[PDB]
Amino acid sequence: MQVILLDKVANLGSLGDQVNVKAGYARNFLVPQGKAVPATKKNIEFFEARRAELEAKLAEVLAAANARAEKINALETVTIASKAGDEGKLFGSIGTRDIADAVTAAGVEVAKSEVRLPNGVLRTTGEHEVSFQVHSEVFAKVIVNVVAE
Amino acid sequence: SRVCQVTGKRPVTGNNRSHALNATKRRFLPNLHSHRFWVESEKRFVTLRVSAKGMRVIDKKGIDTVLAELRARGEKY
RNA sequence: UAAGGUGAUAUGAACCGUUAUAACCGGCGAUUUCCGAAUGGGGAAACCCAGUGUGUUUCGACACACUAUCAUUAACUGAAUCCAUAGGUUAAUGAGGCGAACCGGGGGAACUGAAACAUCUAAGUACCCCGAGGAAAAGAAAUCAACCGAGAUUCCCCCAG
RNA sequence: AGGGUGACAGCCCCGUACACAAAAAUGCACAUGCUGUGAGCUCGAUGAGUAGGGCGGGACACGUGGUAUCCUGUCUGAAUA
RNA sequence: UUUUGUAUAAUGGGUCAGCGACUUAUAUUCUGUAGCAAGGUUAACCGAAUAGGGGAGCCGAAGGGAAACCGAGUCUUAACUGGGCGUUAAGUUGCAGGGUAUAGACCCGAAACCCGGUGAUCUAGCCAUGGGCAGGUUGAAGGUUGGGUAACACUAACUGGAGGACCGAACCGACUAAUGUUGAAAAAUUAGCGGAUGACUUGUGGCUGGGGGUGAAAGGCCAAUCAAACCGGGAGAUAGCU
RNA sequence: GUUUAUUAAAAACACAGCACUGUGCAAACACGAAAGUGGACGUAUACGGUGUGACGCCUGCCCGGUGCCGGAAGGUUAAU
RNA sequence: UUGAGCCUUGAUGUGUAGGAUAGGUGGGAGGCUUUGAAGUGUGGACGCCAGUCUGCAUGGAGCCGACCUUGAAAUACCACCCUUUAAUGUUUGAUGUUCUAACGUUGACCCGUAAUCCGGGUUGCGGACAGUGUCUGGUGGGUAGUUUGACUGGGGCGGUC
RNA sequence: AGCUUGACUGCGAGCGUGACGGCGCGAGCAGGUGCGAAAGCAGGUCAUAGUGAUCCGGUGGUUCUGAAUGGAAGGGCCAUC
Ligand SMILES: [Mg+2]
Ligand SMILES: [Mg+2]
Ligand SMILES: [Mg+2]
Ligand SMILES: [Mg+2]
Ligand SMILES: [Mg+2]
Ligand SMILES: [Mg+2]
Ligand SMILES: [Mg+2]
Ligand SMILES: [Mg+2]
Ligand SMILES: [Mg+2]
Ligand SMILES: [Mg+2]
Ligand SMILES: [Mg+2]
Ligand SMILES: [Mg+2]
Ligand SMILES: [Mg+2]
Ligand SMILES: [Mg+2]
Ligand SMILES: [Mg+2]
Ligand SMILES: [Mg+2]
Ligand SMILES: [Mg+2]
Ligand SMILES: [Mg+2]
Ligand SMILES: [Mg+2]
Ligand SMILES: [Mg+2]
Ligand SMILES: [Mg+2]
Ligand SMILES: [Mg+2]
Ligand SMILES: [Mg+2]
Ligand SMILES: [Mg+2]
Ligand SMILES: [Mg+2]
Ligand SMILES: [Mg+2]
Ligand SMILES: [Mg+2]
Ligand SMILES: [Mg+2]
Ligand SMILES: [Mg+2]
Ligand SMILES: [Mg+2]
Ligand SMILES: [Mg+2]
Ligand SMILES: [Mg+2]
Ligand SMILES: [Mg+2]
Ligand SMILES: [Mg+2]
Ligand SMILES: [Mg+2]
Ligand SMILES: [Mg+2]
Ligand SMILES: [Mg+2]
Ligand SMILES: [Mg+2]
Ligand SMILES: [Mg+2]
Ligand SMILES: [Mg+2]
């Protein structure tokens, strides 16, 4: 019996995969317990329509996420109103909200969850390195300035 | 009776033929099994008296389609 | 339609009628006990016994009506089990049984013939079963033909023992 | 035509040829109202556990034969003008 | 009637009267007869209905060869000096008849085989619920007392009331004989006989159904003939026999 | 005790007793295409089938044939 | 677990001139190293006991190329490979062990339900077995249909055709 | 004893014997052959037993047939089992 898998299933395939299987396995287990469906042509077209529409959403999201990655390197330097203590140490700190809100209202609509700092929250006056995740795998960098209020 | 609720297959008659071509009347019975089908749309199992052939019809069409045939036929399940 | 009538054995009795409710003929109505599908339950057919509702110048039991099963539909209900579903009650509508042959279908003999007998025959006959109609069944080519063509089905005559 | 009448009846009786007739119910027909059914047009669509096949039977005048065609109890199983 | 042969002491008929057995349909061939004649004739159907229409067909005027094929010839064989079958006889359609074919096929007659029903009011076995066994005997186990024994054993009397126990009516059966045998009776009657508290007997109702039942088993019984009941049907089975 | 109702009542059938043998319970077995049922509301000291036939003293030899029970290596061997 | 195919990727060569158990064919001047070598201390496997691959530890600044021989080159390194061998990945079986989910339940329970049927549900026990359908070999007087000759000094036996 | 394959192929006037199916005898004709100088002889064996119809099927051959047509299968014919 050709069937198309719903949830991922051991030794067969992942969601969407097409596989041949013994009828009794499909009939008495995989189908009732919602793990697969027959390989009717309407159904395989359903999923081919699905694979391609999903492929388009992944190509275009990548077209949107790349666009913002060109824009991150486009600004390439940012200022933040930062009350800097004596010697150089910030009375406060510059978080992802602080960085995010600078660049959103300065061009690129970056949410704070996208901002990625290593150790620091930035407690010093100076110019800093900040990288970002805008897609699962496309990343870019701005540089951050700290002007003493 | 020995009747498939899906295909209508039922006993048919015919001959045993010997080597010397003696005909004796016989029957050919369908290959029937009572089987419990999970019907999703009714959160329930339906037990059908089905020939194995009838099982393959249900794999092909889906139990929902085949039960719909049972209704239209007036047959209850 | 009528001058005669009240069926027969079958008289008699008591009566009806003659110009139009005598009788007789035909159409349409009324009444139509009990048994019988028999259908409120039962049963050894023509009988035994109920429930509910109605009626009593007497509101007793007696009388009258309804109450079988199955199917489709609807309303009200309603488990195991949360919803649901089964189930349950009621109502509307239908069916049931009978009966000639022909008709479609599910099953299907044997004697017999073969000069014995088993393949074969008898014969898809006899019979049993289911269902329908005035007819039934069949029916508008995935049919034939034979390089020309025909143009659904059914029946008759040939082809041909 | 036939029957009846005290024996064998065209003309005695009932009939027969021919000509007629329904208050009422009903058949069938054209017409018409009605509730319902949908007409012609364009662009489509074109019947899968099916056809085919293996095994066992059955049906075809055809007894498995070199045996096409049909049905299918059992196991399988296409192409898409 | 049947036989080589029947007065035959072989068959059949008591007699009379009435009935009782070679038919019918369709094919086929021959004879007779009639029509037309190298032609004869139509079938279903149409119909103006025993007419007329209808020539679809059928038989015949051509055979030979397995066939292709050739054709008054052909086949046989490489080919026949030849040989086989043919060429030189008129047919066809009615009508009457003789035969044959298929049909019950001249009439009557089996023992039986198959199918669907009806029967356990007789009888077999079982199930439920009821009834019956006069009278007379025998006297098991157990128990008590006595004797006895160290104690048991044992032993006597008594008590007790077992048993497909004994004798014997009812009741159940059926060993012998006579009678009867067109009976009083399609199984009995008389005199005798066996069982008679039991694996007994019996009433009412129930269940088992025909290749089936039931059978303490005889192929017994299953409604007066059971090695396959009865009724209806296949059915006019078949009958080289009488 | 039973039996050929209707020519046989017997030495025949049955019988208690004996043996063989099947049967673990949804038993074997039997009536039933099946469902259901008897066996049995029993359970191996039970139930079925077969033979023998109270009791006493006993029941020897033969497994080649036929029947049955057990066997897995080898040969042969079905559909497929 | 295992037989028959696959794929990475690792084992393995005594023509003689020799730094000496020369693998053919190519890229071919630097690889290999602290993600830690040369060296010696020992474990294992192969074996022509000449040596080869190789785990562990110790060690700590090298084993290296035309440097010449050799038909063919450096154990600096790299790619398809063969002589053969092992083991991870795969198709089909073979066999087994478990599982649960088809299916069985003539265990207990719940509801339908004042029910020793049935159905649904819960649970326990089994479980791809059992059982059934189609096909197939064997068995099969349990049942069935039949056959089982004629001649003959009757028939049968014998003989005969 | 020498040489040899007439234990030939196609036919057959005319006969015998049979209810029939059949069985037998046969000179001569054509082709081709052996033996003989030649005339000639040879279509098995001195003769008379030594055998099995039909159906179905097998093998080889074939100017036959060949279900639309070309083939093929199957059939026919000849030989044989
Ligand atoms: Mg009533
Ligand atoms: Mg009552
Ligand atoms: Mg009633
Ligand atoms: Mg609820
Ligand atoms: Mg009716
Ligand atoms: Mg016969
Ligand atoms: Mg009617
Ligand atoms: Mg019709
Ligand atoms: Mg055309
Ligand atoms: Mg007179
Ligand atoms: Mg179509
Ligand atoms: Mg077809
Ligand atoms: Mg053949
Ligand atoms: Mg005599
Ligand atoms: Mg005389
Ligand atoms: Mg006499
Ligand atoms: Mg006499
Ligand atoms: Mg007379
Ligand atoms: Mg003639
Ligand atoms: Mg006594
Ligand atoms: Mg007496
Ligand atoms: Mg006595
Ligand atoms: Mg009685
Ligand atoms: Mg008959
Ligand atoms: Mg007769
Ligand atoms: Mg007697
Ligand atoms: Mg006697
Ligand atoms: Mg004995
Ligand atoms: Mg002995
Ligand atoms: Mg054995
Ligand atoms: Mg199995
Ligand atoms: Mg078989
Ligand atoms: Mg046998
Ligand atoms: Mg027999
Ligand atoms: Mg017979
Ligand atoms: Mg004789
Ligand atoms: Mg010479
Ligand atoms: Mg052949
Ligand atoms: Mg063809
Ligand atoms: Mg052709």
Side-chain angles (χ1 to χ4, degrees), chain A residues 1-53 116 118-119 129 131 133 136-137 139 141, chain B:
Chain A
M1 197 180 298
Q2 297 279 320
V3 305
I4 294 175
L5 292 175
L6 274 37
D7 199 333
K8 169 217 62 40
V9 186
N11 265 352
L12 280 184
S14 330
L15 163 92
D17 284 43
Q18 181 183 340
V19 293
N20 184 39
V21 79
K22 304 225 176 61
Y25 184 39
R27 159 162 50 248
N28 282 321
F29 182 75
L30 292 175
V31 161
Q33 266 157 249
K35 257 149 164 27
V37 59
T40 80
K41 287 83 196 180
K42 106 209 272 213
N43 266 255
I44 146 181
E45 291 181 34
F46 190 139
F47 286 74
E48 242 306 329
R50 178 130 327 304
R51 295 153 198 162
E53 97 82 53
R116 213 73 79 223
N119 47 280
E129 290 245 331
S131 44
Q133 185 185 2
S136 317
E137 44 78 16
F139 306 79
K141 291 174 184 176
Chain B
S1 333
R2 287 189 227 274
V3 175
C4 181
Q5 298 191 260
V6 180
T7 69
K9 286 175 171 274
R10 74 190 306 108
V12 307
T13 80
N15 290 326
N16 308 301
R17 317 291 320 209
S18 66
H19 180 269
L21 277 181
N22 314 117
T24 38
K25 278 279 175 174
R26 65 164 297 190
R27 307 169 93 214
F28 303 71
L29 305 197
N31 188 15
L32 298 171
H33 304 282
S34 294
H35 186 267
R36 276 194 315 116
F37 293 90
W38 173 248
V39 191
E40 174 69 341
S41 72
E42 318 179 25
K43 271 43 184 61
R44 178 173 70 114
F45 284 98
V46 171
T47 297
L48 295 172
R49 208 170 170 180
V50 291
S51 72
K53 165 96 148 60
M55 295 222 204
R56 308 211 306 139
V57 173
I58 289 162
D59 304 345
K60 187 174 213 178
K61 295 167 119 70
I63 189 79
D64 272 349
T65 302
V66 172
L67 283 182
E69 291 164 16
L70 258 78
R71 280 175 244 126
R73 170 181 332 159
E75 190 169 22
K76 189 61 214 170
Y77 65 87

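Here is how names work: the chains are called A, B, and so on, in the same order as the sequence lines, proteins then strands, and each is numbered from 1. Just the heavy atoms: all of them, side chains too, but no hydrogens, waters or symmetry mates, feed the values below.
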What heavy-atom pair brings B:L70 and B:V66 nearest, and what distance separates the two atoms? CD1-O, 3.1 Å
On a heavy-atom basis, the closest approach of A:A23 and B:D59 is CB-OD2, 4.1 Å
Can we call D:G6 and D:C28 a base pair, counting Watson-Crick and G-U wobble only and needing both distances under 3.5 Å? no
Base-pairing assignment for E:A21 (Watson-Crick or G-U wobble, both under 3.5 Å): none
Strictly below 4.0 Å: does B:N31 bring a side-chain N or O up to OP1 or OP2 of D:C75? yes
Treating A:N20 as the side-chain partner and A:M1 as the backbone partner, does any N or O pair qualify as donor plus acceptor under 3.5 Å? yes
North or south sugar at E:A134, going by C1'-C2'-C3'-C4' (positive north, negative south)? north
Taking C1'-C2'-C3'-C4' as the guide, is C:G149 a north (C3'-endo side) or a south (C2'-endo side) sugar? north
As a test of reading torsions: judging only by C1'-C2'-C3'-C4', is the sugar of E:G63 on the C3'-endo (north) or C2'-endo (south) side? north
Nearest heavy-atom pair of B:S18 and B:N22: which atoms, and what distance? OG-OD1, 2.8 Å
In terms of pucker, with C1'-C2'-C3'-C4' positive for north and negative for south, the sugar of E:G161 lies south
Paired, E:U123 vs E:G12, Watson-Crick or G-U, distances below 3.5 Å: no
For the residue pair B:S41 / B:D64, report whether a side-chain donor-acceptor contact shorter than 3.5 Å exists. yes
Taking all non-hydrogen atoms of both residues into account, name the closest pair between A:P38 and A:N43 and its distance. O-CB, 4.1 Å
Treat primed atoms plus P, OP1 and OP2 as sugar-phosphate and everything else as base, then score nucleotides 45-50 of chain D 5' to 3': B for base contact with protein heavy atoms under 4.0 Å, S for sugar-phosphate contact only, - for none. ---BBS
Residues B:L32, B:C4; criterion side-chain contact (heavy atoms from CB on, under 4.5 Å); working and verdict: CA-CA 7 Å; B:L32 298 171; B:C4 181; 4.0 Å; yes
Counting only heavy atoms not in A:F139, do more than 12 fall under 6.0 Å of its CZ? yes
Under a 3.5 Å limit for both distances, which nucleotide forms a Watson-Crick or G-U wobble pair with H:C23, could you say? H:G16
With the 90 degree cut-off around zero defining syn, does F:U4 come out syn or anti? syn
Counting N and O atoms only, with roles assigned by atom type, does the side chain of B:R17 sit under 3.5 Å from a partner on the main chain of B:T24, one being a donor and the other an acceptor? no
Taking the purine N1 to pyrimidine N3 distance and the second Watson-Crick contact, or the two G-U wobble contacts, each under 3.5 Å, tell whether E:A89 pairs with E:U204. no
Provide, to the nearest angstrom, the distance between the CZ atom belonging to B:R2 and the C1' atom belonging to G:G131. 13 Å
Using modelled atom types only, decide if a donor and an acceptor are shared between the side chain of B:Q5 and the backbone of B:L48 within a distance under 3.5 Å. no
Which glycosidic conformation, syn or anti, is assigned to G:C67 if syn requires a torsion within 90° of zero? syn
So, with the rule that both contacts fall under 3.5 Å, do G:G159 and G:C151 count as a Watson-Crick or wobble pair? yes
North or south: which describes the sugar of E:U50, going by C1'-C2'-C3'-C4'? south
Taking all non-hydrogen atoms of both residues into account, name the closest pair between B:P30 and B:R2 and its distance. CG-O, 3.6 Å
Hey, does the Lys NZ or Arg CZ of A:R27 hover above the aromatic six-ring of A:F29, less than 6.0 Å from the centre and inside 45° of the axis? no
Can you tell me whether the base of E:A101 sits syn or anti, using the 90° cut around 0 to define syn? anti
Could you tell me whether the phosphate oxygens of D:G73, OP1 or OP2, come under 4.0 Å of any side-chain nitrogen or oxygen in B:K9? yes
Is F:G22 syn or is it anti, if syn means the base angle is within 90 degrees of 0? anti
My understanding is that a pair needs two contacts under 3.5 Å, Watson-Crick or G-U wobble. By that rule, which nucleotide pairs with E:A7? none
If pairing requires Watson-Crick or G-U wobble contacts with both distances under 3.5 Å, which nucleotide is the partner of G:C68? none
Taking every heavy atom of B:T7 against every heavy atom of B:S51, the minimum-distance pair comes out as OG1-OG, 4.0 Å
Would you mind pulling out the nucleotide paired to F:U7, Watson-Crick or G-U wobble, both distances under 3.5 Å? none
Under a 3.5 Å limit on both key distances, is there a Watson-Crick or G-U wobble pair between H:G40 and H:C35? yes
Using only atom types and a distance under 3.5 Å, with no angle test, would you say the side chain of B:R10 pairs donor to acceptor with the backbone of B:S1? no
Please determine whether E:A229 and E:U118 constitute a Watson-Crick or G-U wobble pair, defined by two donor-acceptor distances each under 3.5 Å. yes
Mind checking if C:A44 stacks on C:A45, six-ring centres under 5.5 Å, planes under 30°? no
Both distances under 3.5 Å and Watson-Crick or G-U wobble geometry: does that hold for E:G109 with E:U182? no
Strand RNA chain C in bracket notation, Watson-Crick/G-U under 3.5 Å with | for pairs to another chain: ...(((.......))).......................(((....)))(((((........))))).(((((.(((.........))).)))))......((((((.....(......)......))))).).........((....))...........
With syn meaning chi within 90° of zero and anything else anti, the base of D:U46 is anti
Please list, for nucleotides 98-102 of chain G, all pairs of protein and nucleotide N/O atoms separated by less than 3.5 Å.
from: G:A102; atom 1: OP1; to: B:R36; atom 2: NH2; distance (Å): 2.8
from: G:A102; atom 1: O4'; to: A:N28; atom 2: ND2; distance (Å): 3.2
from: G:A102; atom 1: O2'; to: B:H35; atom 2: NE2; distance (Å): 3.2

Taking five pairs at each end of the helix from E:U24-E:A103 to E:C36-E:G91, what angle separates the two helix axes (nearest 10°)? 20°
Taking a pair to mean Watson-Crick or G-U wobble geometry with both distances below 3.5 Å, E:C45 pairs with E:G53
With P as the reference atom in both, quote the distance from G:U40 to G:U52 in angstrom, rounded to an integer. 13 Å
Taking only heavy atoms on the protein side, list every residue of residues 70-77 of chain B lying under 4.0 Å from any atom of RNA chain G, sorted numerically. none
Please report, rounded to the nearest Å, how far the P atom of G:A128 is from the NE2 atom of B:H33. 18 Å
Contacting residues from residues 12-30 of chain B, given that a heavy atom lies under 4.0 angstrom of RNA chain G: B:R26, B:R27, B:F28, B:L29, B:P30
Would G:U90 and G:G5 count as a Watson-Crick or G-U wobble pair, both distances under 3.5 angstrom? yes
Calculate the interatomic distance between B:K43 atom NZ and G:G121 atom P; express it in whole Å. 14 Å
E:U76 and E:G82, Watson-Crick or G-U wobble pair at under 3.5 Å for both distances? yes
Using Watson-Crick or G-U wobble geometry with both distances under 3.5 Å, which nucleotide pairs with F:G17? F:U52
Looking at G:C53 opposite G:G44, are both of their pairing distances below 3.5 Å, so that they form a Watson-Crick or G-U wobble pair? yes
Could you walk me through whether B:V3 and B:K9 pass side-chain contact (heavy atoms from CB on, under 4.5 Å), step by step? CA-CA 6 Å; B:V3 175; B:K9 286 175 171 274; over 6 Å; no
Neighbour stacking check for D:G44 and D:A45, 5.5 angstrom and 30 degree cut-offs: yes
Can you tell whether H:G66 is stacked with H:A67, judging only by whether their six-membered base rings have centres under 5.5 Å apart and planes under 30 degrees? no
Any strand: nucleotide that pairs with F:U66 via Watson-Crick or wobble, under 3.5 Å: none
